[PDB]
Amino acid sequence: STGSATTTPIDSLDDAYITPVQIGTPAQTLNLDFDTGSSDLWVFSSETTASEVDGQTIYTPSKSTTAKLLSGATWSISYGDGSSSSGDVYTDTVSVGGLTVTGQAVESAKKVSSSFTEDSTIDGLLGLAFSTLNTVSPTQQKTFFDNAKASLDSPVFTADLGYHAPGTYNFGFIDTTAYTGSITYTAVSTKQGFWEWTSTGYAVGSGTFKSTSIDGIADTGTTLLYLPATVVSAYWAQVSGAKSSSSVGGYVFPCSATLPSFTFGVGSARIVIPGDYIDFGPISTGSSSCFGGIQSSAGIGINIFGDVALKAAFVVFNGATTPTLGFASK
């Protein structure tokens, strides 16, 4: 089997991408944020604290003839940004782009943090990291991909995120028309439950490439590119007037700037992020200070190749017995 679904930016800055997912019978379509940095499929629901719902579409398990309470199961997730959500668990039929999993754990939110409440366009998250991170207790549950994997034509999914445009998540096949040149594959460590890999270095604009190992995670659920402070300082030093602002919470730059590109290494290959991808616009409405799309990972504890990096590539998440990651230009 295979599945193919379009993923759409939630706003004009590509702050996140949402993908329609069918849950239950008859189908209830919710727009979920596919998150390769976590392993829970959780949704706004008829159980979510009313004051914490602000415009989201909700899953109502009582209206689904295939929903079953997973008795005694609860879940609770704390994301590294400080966001959180928790609740109880149903199993139900879940389909993405024509690919159907029966008996998928659907984690129904009773509580969500304010960040989720404020994101009216995000109806929940669909985790695509390794199932070892799933938070369901006392019986850990499998991700949608892990449940689908044996049935898929090939045990893979791909992320093809657009810059200021829709893109595609495919399951079970590699669309050879979706990228240019060849796909370069690189090793993955699953020791922390993430799609963790090591970039071979970086360049800023037309500058020379610096060969240096940068360990980090491929995370479709994170907006920006978070890298070591040394690398990030080298990037912003090429933008007149750029500075790190503790009051704003990262690097800002004059909105009048033309940003340089940023290149990252994948083995001997190179992925170029155009300068425009690194512009996140005014820090507040009408400001001439703009927020940067490359930020320091210092204090996060891990480097994060978020959407700013991933949207510059066609990315293969290879879930074979020994997982690997592939990157191609597009």
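Numbering starts at 1 and follows the sequence shown. Between two forms, the rigid core is the largest collection of C-alphas that superpose within 1.5 Å.
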query = When the core is superposed, where do the C-alphas shift more in 9 other deposited structures of this protein: in 76 to 84 or in 160 to 168?
reply = 76 to 84
ask   = Can you tell me which stretch has the higher mean Cα B-factor, 300 to 308 or 49 to 57?
value = 49 to 57
Selected stretch [higher average CA B-factor]: 198 to 206 or 80 to 88 = 80 to 88
request  = Tell me, please, which of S233, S247, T186, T158 has the highest C-alpha B factor according to the deposited entry?
outcome  = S247
message = Between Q104, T132, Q238, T220, which one tops the list for Cα B-factor in this entry?
response = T132
message = By the recorded C-alpha temperature factor, relative to the other modelled residues in its chain, which third is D119 in?
response = highest
query = Comparing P228 with the other modelled residues of its chain, is its CA B-factor in the lowest, middle or highest third?
reply = lowest
ask   = In terms of the CA temperature factor given in the entry, to which third of its chain does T100 belong: lowest, middle or highest?
value = middle
remark   = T19: CA B-factor among chain residues, third -> lowest
ask   = Going by what the PDB entry lists, where does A320 fall on CA B-factor within its chain: lowest, middle or highest third?
value = highest
